[PDB]
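Chemist: First the structure, then my questions, so here it is.
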Amino acid sequence: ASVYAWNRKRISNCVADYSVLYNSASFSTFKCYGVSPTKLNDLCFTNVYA
Amino acid sequence: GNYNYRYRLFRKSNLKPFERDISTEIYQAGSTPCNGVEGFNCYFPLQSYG
Numbered sequence: 348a349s350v351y352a353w354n355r356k357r358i359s360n361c362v363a364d365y366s367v368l369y370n371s372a373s374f375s376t377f378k379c380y381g382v383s384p385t386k387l388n389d390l391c392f393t394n395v396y397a
Numbered sequence: 447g448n449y450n451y452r453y454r455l456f457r458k459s460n461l462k463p464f465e466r467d468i469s470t471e472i473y474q475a476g477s478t479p480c481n482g483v484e485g486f487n488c489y490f491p492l493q494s495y496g
């Protein structure tokens with residue numbers, strides 16, 4: 348989508364494998380501002396907005 | 447900007463009490479080994495306060 352109409356996907360009621368997302372080398376920027384990248388597979392959240 | 451004061455942004459494990467780490471070895475922040483060379487998910491541990 349465009350940036351004025353950014354698509355919001357609700358990630359909920361599922362188990363999330365952030366290790367595949369983090370170990371992918373295609374991403375040129377992986378910067379977190381409230382959590383740790385190595386602790387995404389350990390923490391639990393109510394829902395995720397993408 | 448006074449950049450002469452630095453803190454250890456990245457380390458593998460928490461320190462002991464009264465333990466000092468001055469080792470300027472590279473950190474591996476991803477699955478790919480760094481081999482002492484900066485790159486993707488390879489960062490210097492010491493970053494300066496602005």
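The listed protein sequences correspond, in order, to chains A and C. 360 is the number that the entry's author numbering gives to position 13 of the first sequence; each next residue is one higher, with no gaps. 450 is the number that the entry's author numbering gives to position 4 of the second sequence; each next residue is one higher, with no gaps. Note that beta-carbon positions come from the ideal geometry of N, C-alpha and C, so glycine has one too.
1) So for A/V362, helix, strand or coil by DSSP?
2) For A/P384 versus A/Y365, is the C-beta spacing smaller than 9 Å?
3) Check whether the Cβ atoms of C/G482 and C/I472 lie closer than 9 Å to each other.
4) Please list the partners that C/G496 has in chain A, where partner means a Cβ-to-Cβ separation under 8 Å.
5) Name the DSSP beta bridge partners of residue 331 of chain A, please?
6) For C/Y489, which three-state DSSP category applies?
7) For A/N370, return the contacting residues in chain C, with the cut-off set at a CB-CB distance below 8 Å.
8) Straight-line CA distance for C/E484 to A/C361?
9) Return the CA-CA distance between C/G496 and C/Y489, expressed in angstroms with no decimal places.
10) Based on the DSSP secondary-structure assignment, which residues constitute the bridge partners of C/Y453?
Modeler: Working from what's here:
1) Translated into positions along the first sequence, residue 362 of chain A becomes position 15. In the displayed model, A/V362 falls within coil according to three-state DSSP, outside both helix and strand.
2) In the first sequence, counting from the first residue as 1, residue 384 of chain A sits at position 37. In the first sequence, counting from the first residue as 1, residue 365 of chain A sits at position 18. Yes; because the gap between Cβ atoms is below 9 Å, this pair is in contact.
3) Taking the first residue of the second sequence as position 1, residue 482 of chain C is located at position 36. Taking the first residue of the second sequence as position 1, residue 472 of chain C is located at position 26. Yes, the pair counts as a contact, with Cβ atoms nearer than the cut-off.
4) In the second sequence, the residue the question calls residue 496 of chain C occupies position 50. Think of a sphere of 8 Å around the beta carbon of C/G496: no beta carbon from chain A falls inside it, the nearest being about 17 Å out.
5) Given a span of 348 to 397 for chain A in the structure shown, any question on residue 331 of chain A remains unanswerable.
6) Sequence index remark: in the second sequence, residue 489 of chain C carries index 43 (1-based). Assigned with DSSP and collapsed to three states, C/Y489 falls in strand.
7) Along the first sequence, read from residue 1 onward, the residue named residue 370 of chain A stands at position 23. Under the 8 Å cutoff, chain C gives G476, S477.
8) Taking the first residue of the second sequence as 1, we reach residue 484 of chain C at position 38. Taking the first residue of the first sequence as 1, we reach residue 361 of chain A at position 14. For C/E484 and A/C361, the distance between alpha carbons rounds to 36 Å.
9) Translated into the one-based positions of the second sequence, residue 496 of chain C becomes position 50. Translated into the one-based positions of the second sequence, residue 489 of chain C becomes position 43. One alpha carbon belongs to C/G496, the other to C/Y489, and they sit about 18 Å apart.
10) To locate residue 453 of chain C, count along the second sequence from 1; it is residue 7. Its beta-bridge partners are C/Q493.
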